[PDB]
Amino acid sequence: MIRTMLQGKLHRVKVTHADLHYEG
Amino acid sequence: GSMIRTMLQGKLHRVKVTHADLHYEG
Amino acid sequence: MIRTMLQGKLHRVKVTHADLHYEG
Amino acid sequence: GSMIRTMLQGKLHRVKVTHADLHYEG
Amino acid sequence: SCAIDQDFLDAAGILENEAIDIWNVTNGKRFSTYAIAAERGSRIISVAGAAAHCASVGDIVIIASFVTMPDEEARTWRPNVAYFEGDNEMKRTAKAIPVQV
Amino acid sequence: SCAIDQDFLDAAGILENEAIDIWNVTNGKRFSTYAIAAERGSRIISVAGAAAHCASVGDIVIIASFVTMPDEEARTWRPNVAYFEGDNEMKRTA
Amino acid sequence: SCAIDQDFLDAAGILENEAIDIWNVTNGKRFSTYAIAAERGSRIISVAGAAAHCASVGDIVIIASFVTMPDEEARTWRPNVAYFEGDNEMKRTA
Amino acid sequence: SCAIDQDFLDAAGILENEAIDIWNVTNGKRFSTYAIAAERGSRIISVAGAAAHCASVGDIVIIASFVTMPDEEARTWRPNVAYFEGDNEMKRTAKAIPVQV
């Protein structure tokens, strides 16, 4: 029986850049 | 294979939310 | 490398019953 | 373990939709 | 959750208690729940509880399940698909071998 | 986080830090997070942060966990279900 | 279904009947479905049924597949990425 | 997709090209994408393309990854959590052993 577990998290980081035209 | 299924392991059915906080950092 | 694949589907079935008070 | 990761296998980046049909039974 | 005529589960290879995705053709809503068996021949597709906010009686939906397997096997994998018309009548085929003309 | 009374986690077979899905019967919202244990006997179901946009105090929810297993095992598998009423009073059957 | 030119599937390492995520750059909608092959050289990206509520002809989308693997493998893994412009003209780099 | 200062990836155990869930505390949106590394010490959290419809500059978010493992191991599993304040300043601790009073 295989469980899905939280591996890790970044808690309450702030978005510094956002744009529809950035790649990725 | 072997082909692996995703199955309901368990559930809490119709529990009531007791606390809700946008600001609780926890 | 493990892939996630469509196992099966029911194509264009019609919902016959719906209610917020049904169990499950 | 072993602990298993979910990784981007591949992607089609910025392809354009050529056909869209609610009624295509396919 | 979502109850489904066992005959339909048999055809699609979907199991009781298996995770399923439901894609509502009528309203575009998409959600994930788990399957329960309804009586064989009932032709029932029932949505319960929270999921009843996402589908109504008469909506046309696609119900799917997914499995994992290694890449080598996945290259030749074949899904189990059942097609429906009208009042949840499952289409053949599977045509009978012609014995009459 | 979604903090959940440890007794409830035990009954449903849900582990601390396990992925869970929450289906809100009251408002129809559906989201996924992870479980953390609250004190045994507290009867707490607590939503925090982003998840507090999806549920409020008083809302009735279903909290589910999913596991993977081979087909043969899946065909005889019986989920761990706990049913609630009242002041998050737990029963074995509905 | 989401039917996709087989050449595009080959370049991204996506298999017929594999689960895919579609992220619509044009309208921000995000959904998951499965891939079916369209004829090689057709340059088709076709959405059908329910998924046609989430994308329209002309929309720019990203189609991704995810696999699972152990951590060590994951740490050196290189995804198969195909970049598009114009009349769904494919390149190896951006 | 979402670019993240490598120092933050290191602390959370999140890998380049790994599936991540992003939960937007500011607007309640929840979505899944994959991680890319930003320059170490940049303190960047960048959202690109379609995902830019779900988060704006200044929004507070939680970024998580999940792994699978057998139940026996999962019972004692410990996630890698990094906490932040202000302008993406990672909090200790990890406190220094008291050597001064």
# chains A, B, ... in the order shown; residues from 1 in each chain; ligands from 1
call {"tool": "interface_residues", "arguments": {"of": "chain C", "to": "chain F", "cutoff": "10 Å", "atoms": "only C-alpha atoms", "output": "MDAnalysis selection string"}}
result
chainID C and resid 20:21 23:24
call {"tool": "write_last_selection", "arguments": {"atoms": "N, CA and C atoms", "output": "PDB file, in the first residue's frame"}}
result
ATOM      1  N   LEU C  20     -27.543  16.389  -2.802  1.00  0.00           N
ATOM      2  CA  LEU C  20     -26.600  16.706  -1.722  1.00  0.00           C
ATOM      3  C   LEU C  20     -26.764  15.824  -0.473  1.00  0.00           C
ATOM      4  N   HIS C  21     -27.941  15.221  -0.284  1.00  0.00           N
ATOM      5  CA  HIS C  21     -28.243  14.421   0.907  1.00  0.00           C
ATOM      6  C   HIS C  21     -27.995  12.934   0.751  1.00  0.00           C
ATOM      7  N   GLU C  23     -25.757   9.591   0.529  1.00  0.00           N
ATOM      8  CA  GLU C  23     -24.554   9.209   1.241  1.00  0.00           C
ATOM      9  C   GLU C  23     -23.489   8.759   0.239  1.00  0.00           C
ATOM     10  N   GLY C  24     -22.290   8.483   0.746  1.00  0.00           N
ATOM     11  CA  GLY C  24     -21.134   8.231  -0.097  1.00  0.00           C
ATOM     12  C   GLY C  24     -20.437   9.546  -0.395  1.00  0.00           C
TER      13      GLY C  24
END
call {"tool": "interface_residues", "arguments": {"of": "chain G", "to": "chain H", "cutoff": "9 Å", "atoms": "only C-alpha atoms", "output": "number ranges by chain"}}
result
G: 23-30, 61-62, 66, 74-75, 77-79
call {"tool": "write_last_selection", "arguments": {"atoms": "C-alpha atoms", "output": "PDB file, in the first residue's frame"}}
result
ATOM      1  CA  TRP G  23      -2.552  24.775 -19.233  1.00  0.00           C
ATOM      2  CA  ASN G  24      -4.263  27.436 -21.332  1.00  0.00           C
ATOM      3  CA  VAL G  25      -2.010  30.462 -21.627  1.00  0.00           C
ATOM      4  CA  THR G  26      -4.788  32.419 -23.316  1.00  0.00           C
ATOM      5  CA  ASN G  27      -7.554  32.070 -20.699  1.00  0.00           C
ATOM      6  CA  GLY G  28      -5.747  30.634 -17.662  1.00  0.00           C
ATOM      7  CA  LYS G  29      -7.828  27.460 -17.512  1.00  0.00           C
ATOM      8  CA  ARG G  30      -6.054  24.316 -16.322  1.00  0.00           C
ATOM      9  CA  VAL G  61      -1.671  25.995 -24.536  1.00  0.00           C
ATOM     10  CA  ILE G  62       1.041  23.958 -22.818  1.00  0.00           C
ATOM     11  CA  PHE G  66       4.355  13.669 -15.678  1.00  0.00           C
ATOM     12  CA  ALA G  74      14.723  12.420 -10.615  1.00  0.00           C
ATOM     13  CA  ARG G  75      17.778  14.449  -9.712  1.00  0.00           C
ATOM     14  CA  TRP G  77      16.223  13.745 -15.198  1.00  0.00           C
ATOM     15  CA  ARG G  78      15.901  15.930 -18.330  1.00  0.00           C
ATOM     16  CA  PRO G  79      12.370  16.510 -19.660  1.00  0.00           C
TER      17      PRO G  79
END
call {"tool": "atom_distance", "arguments": {"atom1": "atom CA of residue 19 of chain G", "atom2": "atom CA of residue 5 of chain D"}}
result
16.5 Å
call {"tool": "atom_distance", "arguments": {"atom1": "atom CA of residue 59 of chain H", "atom2": "atom CA of residue 86 of chain H"}}
result
12.0 Å
call {"tool": "calpha_fit_and_write", "arguments": {"fixed": "chain H", "moving": "chain E", "output": "mmCIF file with N, CA and C atoms, in the first residue's frame"}}
result
data_model
loop_
_atom_site.group_PDB
_atom_site.id
_atom_site.type_symbol
_atom_site.label_atom_id
_atom_site.label_comp_id
_atom_site.auth_asym_id
_atom_site.auth_seq_id
_atom_site.Cartn_x
_atom_site.Cartn_y
_atom_site.Cartn_z
ATOM 1 N N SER E 1 7.860 28.157 -15.959
ATOM 2 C CA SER E 1 6.714 27.733 -15.109
ATOM 3 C C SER E 1 6.678 28.523 -13.789
ATOM 4 N N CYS E 2 7.333 28.013 -12.755
ATOM 5 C CA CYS E 2 7.549 28.770 -11.527
ATOM 6 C C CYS E 2 9.019 28.620 -11.183
ATOM 7 N N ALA E 3 9.764 29.730 -11.217
ATOM 8 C CA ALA E 3 11.165 29.716 -10.859
ATOM 9 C C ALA E 3 11.354 30.106 -9.402
ATOM 10 N N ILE E 4 12.213 29.367 -8.707
ATOM 11 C CA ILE E 4 12.379 29.465 -7.265
ATOM 12 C C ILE E 4 13.844 29.461 -6.885
ATOM 13 N N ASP E 5 14.284 30.486 -6.142
ATOM 14 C CA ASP E 5 15.657 30.545 -5.636
ATOM 15 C C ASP E 5 16.133 29.154 -5.201
ATOM 16 N N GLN E 6 17.229 28.687 -5.773
ATOM 17 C CA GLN E 6 17.777 27.373 -5.461
ATOM 18 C C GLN E 6 17.970 27.139 -3.965
ATOM 19 N N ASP E 7 18.272 28.193 -3.202
ATOM 20 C CA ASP E 7 18.409 28.041 -1.762
ATOM 21 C C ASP E 7 17.102 27.553 -1.138
ATOM 22 N N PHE E 8 15.969 28.052 -1.634
ATOM 23 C CA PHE E 8 14.637 27.679 -1.151
ATOM 24 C C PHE E 8 14.319 26.232 -1.556
ATOM 25 N N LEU E 9 14.650 25.877 -2.792
ATOM 26 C CA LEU E 9 14.511 24.481 -3.287
ATOM 27 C C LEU E 9 15.322 23.544 -2.416
ATOM 28 N N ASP E 10 16.558 23.937 -2.102
ATOM 29 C CA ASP E 10 17.402 23.097 -1.227
ATOM 30 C C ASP E 10 16.760 22.826 0.134
ATOM 31 N N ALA E 11 16.181 23.860 0.748
ATOM 32 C CA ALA E 11 15.611 23.765 2.077
ATOM 33 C C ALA E 11 14.363 22.902 2.090
ATOM 34 N N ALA E 12 13.571 23.005 1.028
ATOM 35 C CA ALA E 12 12.307 22.251 0.934
ATOM 36 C C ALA E 12 12.457 20.899 0.266
ATOM 37 N N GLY E 13 13.634 20.568 -0.260
ATOM 38 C CA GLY E 13 13.871 19.320 -0.968
ATOM 39 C C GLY E 13 13.166 19.200 -2.310
ATOM 40 N N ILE E 14 12.760 20.333 -2.845
ATOM 41 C CA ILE E 14 12.045 20.379 -4.111
ATOM 42 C C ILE E 14 13.069 20.388 -5.255
ATOM 43 N N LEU E 15 12.812 19.587 -6.279
ATOM 44 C CA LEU E 15 13.721 19.437 -7.380
ATOM 45 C C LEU E 15 13.320 20.245 -8.587
ATOM 46 N N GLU E 16 14.324 20.676 -9.352
ATOM 47 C CA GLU E 16 14.049 21.171 -10.683
ATOM 48 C C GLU E 16 13.302 20.094 -11.464
ATOM 49 N N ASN E 17 12.237 20.514 -12.123
ATOM 50 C CA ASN E 17 11.363 19.698 -12.951
ATOM 51 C C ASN E 17 10.360 18.860 -12.164
ATOM 52 N N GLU E 18 10.308 19.044 -10.853
ATOM 53 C CA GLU E 18 9.350 18.317 -10.014
ATOM 54 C C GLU E 18 8.008 18.988 -10.056
ATOM 55 N N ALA E 19 6.957 18.172 -10.063
ATOM 56 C CA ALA E 19 5.594 18.665 -9.890
ATOM 57 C C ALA E 19 5.440 19.381 -8.553
ATOM 58 N N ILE E 20 4.872 20.586 -8.590
ATOM 59 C CA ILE E 20 4.547 21.353 -7.405
ATOM 60 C C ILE E 20 3.118 21.862 -7.424
ATOM 61 N N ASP E 21 2.543 21.947 -6.239
ATOM 62 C CA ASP E 21 1.265 22.572 -6.019
ATOM 63 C C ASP E 21 1.530 23.950 -5.419
ATOM 64 N N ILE E 22 0.783 24.930 -5.908
ATOM 65 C CA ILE E 22 0.879 26.305 -5.405
ATOM 66 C C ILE E 22 -0.500 26.705 -4.909
ATOM 67 N N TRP E 23 -0.551 27.116 -3.651
ATOM 68 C CA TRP E 23 -1.780 27.489 -2.962
ATOM 69 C C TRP E 23 -1.647 28.955 -2.615
ATOM 70 N N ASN E 24 -2.480 29.776 -3.233
ATOM 71 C CA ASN E 24 -2.367 31.238 -3.132
ATOM 72 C C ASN E 24 -3.166 31.710 -1.926
ATOM 73 N N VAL E 25 -2.461 32.165 -0.899
ATOM 74 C CA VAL E 25 -3.096 32.600 0.353
ATOM 75 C C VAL E 25 -3.874 33.898 0.119
ATOM 76 N N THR E 26 -3.357 34.730 -0.771
ATOM 77 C CA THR E 26 -3.974 36.021 -1.063
ATOM 78 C C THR E 26 -5.339 35.879 -1.742
ATOM 79 N N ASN E 27 -5.421 35.058 -2.782
ATOM 80 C CA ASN E 27 -6.650 34.984 -3.583
ATOM 81 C C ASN E 27 -7.367 33.635 -3.565
ATOM 82 N N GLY E 28 -6.796 32.654 -2.871
ATOM 83 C CA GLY E 28 -7.433 31.353 -2.737
ATOM 84 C C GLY E 28 -7.285 30.386 -3.905
ATOM 85 N N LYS E 29 -6.703 30.848 -5.012
ATOM 86 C CA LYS E 29 -6.449 29.980 -6.157
ATOM 87 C C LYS E 29 -5.428 28.895 -5.812
ATOM 88 N N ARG E 30 -5.631 27.741 -6.431
ATOM 89 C CA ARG E 30 -4.832 26.551 -6.197
ATOM 90 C C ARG E 30 -4.544 25.916 -7.552
ATOM 91 N N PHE E 31 -3.278 25.642 -7.829
ATOM 92 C CA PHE E 31 -2.918 25.104 -9.128
ATOM 93 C C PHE E 31 -1.671 24.266 -9.016
ATOM 94 N N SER E 32 -1.350 23.541 -10.076
ATOM 95 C CA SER E 32 -0.198 22.626 -10.070
ATOM 96 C C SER E 32 0.607 22.905 -11.318
ATOM 97 N N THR E 33 1.928 22.928 -11.163
ATOM 98 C CA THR E 33 2.852 23.188 -12.240
ATOM 99 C C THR E 33 4.136 22.416 -11.948
ATOM 100 N N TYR E 34 5.292 22.916 -12.389
ATOM 101 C CA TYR E 34 6.579 22.257 -12.076
ATOM 102 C C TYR E 34 7.572 23.326 -11.737
ATOM 103 N N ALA E 35 8.577 22.954 -10.971
ATOM 104 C CA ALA E 35 9.580 23.902 -10.486
ATOM 105 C C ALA E 35 10.775 24.058 -11.421
ATOM 106 N N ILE E 36 11.285 25.302 -11.512
ATOM 107 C CA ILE E 36 12.555 25.635 -12.144
ATOM 108 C C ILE E 36 13.391 26.395 -11.110
ATOM 109 N N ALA E 37 14.706 26.209 -11.161
ATOM 110 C CA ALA E 37 15.630 26.895 -10.257
ATOM 111 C C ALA E 37 15.915 28.307 -10.742
ATOM 112 N N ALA E 38 15.776 29.243 -9.818
ATOM 113 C CA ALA E 38 16.312 30.609 -9.946
ATOM 114 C C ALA E 38 17.665 30.717 -9.247
ATOM 115 N N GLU E 39 18.419 31.767 -9.591
ATOM 116 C CA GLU E 39 19.742 31.975 -9.028
ATOM 117 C C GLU E 39 19.713 31.999 -7.505
ATOM 118 N N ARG E 40 20.685 31.314 -6.929
ATOM 119 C CA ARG E 40 20.878 31.232 -5.502
ATOM 120 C C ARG E 40 21.036 32.643 -4.921
ATOM 121 N N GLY E 41 20.275 32.955 -3.873
ATOM 122 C CA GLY E 41 20.287 34.263 -3.219
ATOM 123 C C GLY E 41 19.444 35.368 -3.845
ATOM 124 N N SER E 42 18.831 35.076 -4.987
ATOM 125 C CA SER E 42 17.946 36.010 -5.690
ATOM 126 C C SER E 42 16.650 36.258 -4.932
ATOM 127 N N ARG E 43 16.244 35.256 -4.162
ATOM 128 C CA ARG E 43 14.992 35.279 -3.434
ATOM 129 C C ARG E 43 13.788 35.404 -4.362
ATOM 130 N N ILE E 44 13.955 34.937 -5.591
ATOM 131 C CA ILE E 44 12.911 34.984 -6.601
ATOM 132 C C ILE E 44 11.869 33.861 -6.421
ATOM 133 N N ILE E 45 10.613 34.249 -6.597
ATOM 134 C CA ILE E 45 9.480 33.358 -6.848
ATOM 135 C C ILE E 45 8.800 33.940 -8.096
ATOM 136 N N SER E 46 9.035 33.344 -9.265
ATOM 137 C CA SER E 46 8.532 33.883 -10.554
ATOM 138 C C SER E 46 7.474 32.953 -11.087
ATOM 139 N N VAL E 47 6.362 33.499 -11.580
ATOM 140 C CA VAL E 47 5.309 32.704 -12.201
ATOM 141 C C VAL E 47 5.180 33.105 -13.670
ATOM 142 N N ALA E 48 5.112 32.114 -14.550
ATOM 143 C CA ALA E 48 5.175 32.321 -15.997
ATOM 144 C C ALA E 48 3.958 31.766 -16.711
ATOM 145 N N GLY E 49 3.669 32.334 -17.877
ATOM 146 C CA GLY E 49 2.721 31.736 -18.786
ATOM 147 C C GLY E 49 1.332 31.687 -18.219
ATOM 148 N N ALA E 50 0.683 30.542 -18.388
ATOM 149 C CA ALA E 50 -0.667 30.346 -17.926
ATOM 150 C C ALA E 50 -0.833 30.599 -16.457
ATOM 151 N N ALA E 51 0.175 30.229 -15.675
ATOM 152 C CA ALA E 51 0.126 30.355 -14.220
ATOM 153 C C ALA E 51 0.048 31.793 -13.768
ATOM 154 N N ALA E 52 0.536 32.695 -14.606
ATOM 155 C CA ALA E 52 0.415 34.128 -14.320
ATOM 156 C C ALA E 52 -1.020 34.633 -14.232
ATOM 157 N N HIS E 53 -1.990 33.847 -14.718
ATOM 158 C CA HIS E 53 -3.406 34.119 -14.494
ATOM 159 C C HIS E 53 -3.872 33.812 -13.048
ATOM 160 N N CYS E 54 -3.032 33.110 -12.289
ATOM 161 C CA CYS E 54 -3.401 32.603 -10.964
ATOM 162 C C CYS E 54 -2.681 33.267 -9.804
ATOM 163 N N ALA E 55 -1.624 34.008 -10.107
ATOM 164 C CA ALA E 55 -0.890 34.742 -9.087
ATOM 165 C C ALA E 55 -0.324 36.026 -9.673
ATOM 166 N N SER E 56 -0.277 37.034 -8.820
ATOM 167 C CA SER E 56 0.292 38.341 -9.131
ATOM 168 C C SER E 56 1.462 38.661 -8.200
ATOM 169 N N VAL E 57 2.321 39.574 -8.634
ATOM 170 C CA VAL E 57 3.405 40.073 -7.797
ATOM 171 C C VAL E 57 2.823 40.555 -6.465
ATOM 172 N N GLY E 58 3.438 40.114 -5.379
ATOM 173 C CA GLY E 58 3.025 40.431 -4.023
ATOM 174 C C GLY E 58 2.122 39.433 -3.342
ATOM 175 N N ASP E 59 1.517 38.528 -4.106
ATOM 176 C CA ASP E 59 0.675 37.507 -3.505
ATOM 177 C C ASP E 59 1.531 36.611 -2.635
ATOM 178 N N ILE E 60 0.946 36.157 -1.537
ATOM 179 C CA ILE E 60 1.552 35.208 -0.623
ATOM 180 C C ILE E 60 1.067 33.819 -1.044
ATOM 181 N N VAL E 61 2.015 32.905 -1.224
ATOM 182 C CA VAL E 61 1.699 31.548 -1.665
ATOM 183 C C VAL E 61 2.419 30.499 -0.833
ATOM 184 N N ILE E 62 1.891 29.269 -0.874
ATOM 185 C CA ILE E 62 2.565 28.111 -0.300
ATOM 186 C C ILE E 62 2.867 27.210 -1.482
ATOM 187 N N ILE E 63 4.097 26.728 -1.582
ATOM 188 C CA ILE E 63 4.515 25.863 -2.671
ATOM 189 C C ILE E 63 4.905 24.519 -2.075
ATOM 190 N N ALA E 64 4.287 23.451 -2.554
ATOM 191 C CA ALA E 64 4.456 22.132 -1.921
ATOM 192 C C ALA E 64 4.785 21.087 -2.974
ATOM 193 N N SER E 65 5.540 20.070 -2.590
ATOM 194 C CA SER E 65 5.661 18.871 -3.427
ATOM 195 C C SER E 65 5.313 17.651 -2.601
ATOM 196 N N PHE E 66 4.913 16.592 -3.291
ATOM 197 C CA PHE E 66 4.479 15.338 -2.647
ATOM 198 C C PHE E 66 5.267 14.182 -3.246
ATOM 199 N N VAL E 67 5.548 13.179 -2.420
ATOM 200 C CA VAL E 67 6.202 11.954 -2.867
ATOM 201 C C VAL E 67 5.392 10.746 -2.429
ATOM 202 N N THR E 68 5.618 9.617 -3.067
ATOM 203 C CA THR E 68 4.985 8.398 -2.607
ATOM 204 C C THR E 68 6.008 7.450 -1.994
ATOM 205 N N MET E 69 5.527 6.626 -1.083
ATOM 206 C CA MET E 69 6.331 5.599 -0.413
ATOM 207 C C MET E 69 5.417 4.619 0.279
ATOM 208 N N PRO E 70 5.918 3.441 0.588
ATOM 209 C CA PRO E 70 5.063 2.488 1.278
ATOM 210 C C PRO E 70 4.613 2.964 2.637
ATOM 211 N N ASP E 71 3.460 2.450 3.051
ATOM 212 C CA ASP E 71 2.823 2.808 4.305
ATOM 213 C C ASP E 71 3.777 2.728 5.514
ATOM 214 N N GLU E 72 4.597 1.676 5.560
ATOM 215 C CA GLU E 72 5.478 1.489 6.719
ATOM 216 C C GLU E 72 6.427 2.661 6.903
ATOM 217 N N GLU E 73 6.977 3.137 5.799
ATOM 218 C CA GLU E 73 7.878 4.303 5.801
ATOM 219 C C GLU E 73 7.113 5.587 6.045
ATOM 220 N N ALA E 74 5.926 5.695 5.443
ATOM 221 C CA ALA E 74 5.127 6.896 5.593
ATOM 222 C C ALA E 74 4.741 7.230 7.017
ATOM 223 N N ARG E 75 4.642 6.214 7.877
ATOM 224 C CA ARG E 75 4.282 6.422 9.263
ATOM 225 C C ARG E 75 5.266 7.291 10.054
ATOM 226 N N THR E 76 6.530 7.347 9.610
ATOM 227 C CA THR E 76 7.533 8.138 10.289
ATOM 228 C C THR E 76 8.128 9.236 9.417
ATOM 229 N N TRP E 77 7.578 9.418 8.226
ATOM 230 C CA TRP E 77 8.105 10.391 7.270
ATOM 231 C C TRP E 77 8.035 11.815 7.854
ATOM 232 N N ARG E 78 9.034 12.624 7.520
ATOM 233 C CA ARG E 78 9.130 13.994 7.984
ATOM 234 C C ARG E 78 9.329 14.880 6.747
ATOM 235 N N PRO E 79 8.415 15.825 6.505
ATOM 236 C CA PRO E 79 8.581 16.765 5.393
ATOM 237 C C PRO E 79 9.623 17.835 5.660
ATOM 238 N N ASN E 80 10.094 18.442 4.594
ATOM 239 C CA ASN E 80 11.076 19.533 4.626
ATOM 240 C C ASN E 80 10.366 20.850 4.464
ATOM 241 N N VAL E 81 10.284 21.593 5.570
ATOM 242 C CA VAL E 81 9.502 22.826 5.574
ATOM 243 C C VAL E 81 10.404 24.016 5.823
ATOM 244 N N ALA E 82 10.273 25.022 4.965
ATOM 245 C CA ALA E 82 10.955 26.307 5.129
ATOM 246 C C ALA E 82 9.927 27.388 5.305
ATOM 247 N N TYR E 83 10.177 28.273 6.268
ATOM 248 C CA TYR E 83 9.258 29.332 6.660
ATOM 249 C C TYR E 83 9.881 30.666 6.282
ATOM 250 N N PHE E 84 9.026 31.615 5.926
ATOM 251 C CA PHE E 84 9.446 32.892 5.369
ATOM 252 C C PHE E 84 8.678 34.042 5.976
ATOM 253 N N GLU E 85 9.362 35.171 5.992
ATOM 254 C CA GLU E 85 8.789 36.434 6.431
ATOM 255 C C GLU E 85 9.300 37.540 5.519
ATOM 256 N N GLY E 86 8.545 38.636 5.464
ATOM 257 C CA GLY E 86 9.008 39.836 4.796
ATOM 258 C C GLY E 86 9.304 39.569 3.347
ATOM 259 N N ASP E 87 10.489 39.969 2.912
ATOM 260 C CA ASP E 87 10.855 39.879 1.508
ATOM 261 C C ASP E 87 11.564 38.545 1.216
ATOM 262 N N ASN E 88 10.798 37.463 1.334
ATOM 263 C CA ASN E 88 11.312 36.111 1.170
ATOM 264 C C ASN E 88 12.589 35.828 1.930
ATOM 265 N N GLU E 89 12.619 36.267 3.182
ATOM 266 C CA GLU E 89 13.706 35.943 4.098
ATOM 267 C C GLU E 89 13.379 34.637 4.801
ATOM 268 N N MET E 90 14.231 33.643 4.596
ATOM 269 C CA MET E 90 14.009 32.353 5.226
ATOM 270 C C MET E 90 14.334 32.415 6.712
ATOM 271 N N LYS E 91 13.398 31.977 7.547
ATOM 272 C CA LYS E 91 13.634 31.890 8.984
ATOM 273 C C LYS E 91 14.500 30.668 9.318
ATOM 274 N N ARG E 92 15.451 30.837 10.240
ATOM 275 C CA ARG E 92 16.005 29.699 10.987
ATOM 276 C C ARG E 92 14.777 29.111 11.721
ATOM 277 N N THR E 93 14.839 27.966 12.399
ATOM 278 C CA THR E 93 15.996 27.480 13.149
ATOM 279 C C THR E 93 15.781 26.005 13.523
ATOM 280 N N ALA E 94 16.813 25.259 13.924
ATOM 281 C CA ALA E 94 18.239 25.626 13.921
ATOM 282 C C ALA E 94 18.640 26.929 14.621
ATOM 283 N N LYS E 95 18.725 26.870 15.948
ATOM 284 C CA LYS E 95 19.271 27.949 16.776
ATOM 285 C C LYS E 95 20.728 27.598 17.075
ATOM 286 N N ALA E 96 21.581 28.603 17.218
ATOM 287 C CA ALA E 96 22.975 28.353 17.595
ATOM 288 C C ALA E 96 22.989 27.871 19.045
ATOM 289 N N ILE E 97 23.859 26.914 19.367
ATOM 290 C CA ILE E 97 23.979 26.468 20.756
ATOM 291 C C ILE E 97 24.440 27.664 21.589
ATOM 292 N N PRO E 98 23.762 27.955 22.710
ATOM 293 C CA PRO E 98 24.155 29.099 23.542
ATOM 294 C C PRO E 98 25.597 28.983 24.053
ATOM 295 N N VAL E 99 26.422 29.942 23.662
ATOM 296 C CA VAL E 99 27.798 30.016 24.096
ATOM 297 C C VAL E 99 28.055 31.349 24.789
ATOM 298 N N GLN E 100 27.033 32.208 24.903
ATOM 299 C CA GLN E 100 27.210 33.543 25.475
ATOM 300 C C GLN E 100 26.002 33.882 26.330
ATOM 301 N N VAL E 101 26.226 34.648 27.394
ATOM 302 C CA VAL E 101 25.162 35.041 28.309
ATOM 303 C C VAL E 101 25.467 36.401 28.944
#
call {"tool": "residues_around", "arguments": {"residues": "residue 18 of chain B", "least_positions_apart": "2", "cutoff": "12 Å", "atoms": "only C-alpha atoms", "output": "VMD selection string"}}
result
(chain B and resid 15 to 16 20 to 21) or (chain F and resid 2 to 5 38 42 to 48 52 55 to 61 87 to 88)
call {"tool": "write_last_selection", "arguments": {"atoms": "N, CA and C atoms", "output": "short mmCIF file (atom, residue, chain, number, x, y, z; two decimals), in the first residue's frame"}}
result
data_model
loop_
_atom_site.label_atom_id
_atom_site.label_comp_id
_atom_site.auth_asym_id
_atom_site.auth_seq_id
_atom_site.Cartn_x
_atom_site.Cartn_y
_atom_site.Cartn_z
N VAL B 15 -17.85 15.42 8.44
CA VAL B 15 -17.31 16.12 9.59
C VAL B 15 -17.61 17.62 9.41
N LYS B 16 -17.69 18.35 10.52
CA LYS B 16 -17.95 19.80 10.50
C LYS B 16 -16.67 20.57 10.78
N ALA B 20 -11.35 28.06 11.05
CA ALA B 20 -10.89 28.48 9.74
C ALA B 20 -10.20 29.84 9.85
N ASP B 21 -8.91 29.90 9.52
CA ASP B 21 -8.12 31.11 9.70
C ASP B 21 -7.17 31.33 8.54
N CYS F 2 -4.77 21.22 7.33
CA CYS F 2 -6.06 20.78 7.82
C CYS F 2 -5.64 19.96 9.04
N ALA F 3 -5.79 20.54 10.24
CA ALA F 3 -5.52 19.81 11.44
C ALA F 3 -6.79 19.07 11.82
N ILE F 4 -6.60 17.82 12.19
CA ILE F 4 -7.66 16.86 12.39
C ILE F 4 -7.35 16.08 13.66
N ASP F 5 -8.31 16.04 14.58
CA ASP F 5 -8.22 15.21 15.78
C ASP F 5 -7.58 13.86 15.46
N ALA F 38 -4.33 17.09 15.15
CA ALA F 38 -4.71 17.89 16.30
C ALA F 38 -4.80 16.99 17.49
N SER F 42 -9.85 16.50 20.82
CA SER F 42 -10.20 17.90 20.57
C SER F 42 -11.39 18.07 19.64
N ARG F 43 -11.64 17.04 18.83
CA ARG F 43 -12.62 17.06 17.77
C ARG F 43 -12.43 18.17 16.74
N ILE F 44 -11.20 18.65 16.61
CA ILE F 44 -10.88 19.73 15.69
C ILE F 44 -10.84 19.27 14.21
N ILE F 45 -11.43 20.10 13.36
CA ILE F 45 -11.23 20.08 11.90
C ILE F 45 -10.93 21.53 11.56
N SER F 46 -9.66 21.82 11.35
CA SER F 46 -9.21 23.22 11.18
C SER F 46 -8.59 23.43 9.82
N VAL F 47 -9.05 24.44 9.11
CA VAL F 47 -8.49 24.85 7.82
C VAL F 47 -7.72 26.17 8.01
N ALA F 48 -6.53 26.25 7.41
CA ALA F 48 -5.65 27.39 7.59
C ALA F 48 -5.24 28.00 6.25
N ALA F 52 -8.51 28.24 3.90
CA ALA F 52 -9.60 29.00 4.53
C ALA F 52 -10.45 29.82 3.54
N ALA F 55 -13.29 26.85 2.84
CA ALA F 55 -14.20 26.32 3.85
C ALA F 55 -14.29 27.30 5.01
N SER F 56 -15.41 27.24 5.70
CA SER F 56 -15.72 28.10 6.83
C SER F 56 -16.23 27.24 7.97
N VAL F 57 -16.16 27.81 9.17
CA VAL F 57 -16.66 27.16 10.36
C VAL F 57 -18.15 26.83 10.15
N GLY F 58 -18.53 25.59 10.41
CA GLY F 58 -19.88 25.12 10.22
C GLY F 58 -20.10 24.30 8.96
N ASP F 59 -19.21 24.46 7.97
CA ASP F 59 -19.34 23.72 6.72
C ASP F 59 -19.18 22.23 6.99
N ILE F 60 -19.95 21.43 6.27
CA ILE F 60 -19.87 19.98 6.32
C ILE F 60 -18.94 19.56 5.19
N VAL F 61 -17.94 18.76 5.51
CA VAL F 61 -16.96 18.33 4.51
C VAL F 61 -16.72 16.81 4.60
N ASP F 87 -21.78 16.99 17.23
CA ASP F 87 -20.55 17.70 17.63
C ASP F 87 -19.32 16.87 17.21
N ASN F 88 -19.21 16.61 15.90
CA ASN F 88 -18.19 15.70 15.37
C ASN F 88 -18.07 14.43 16.20
#
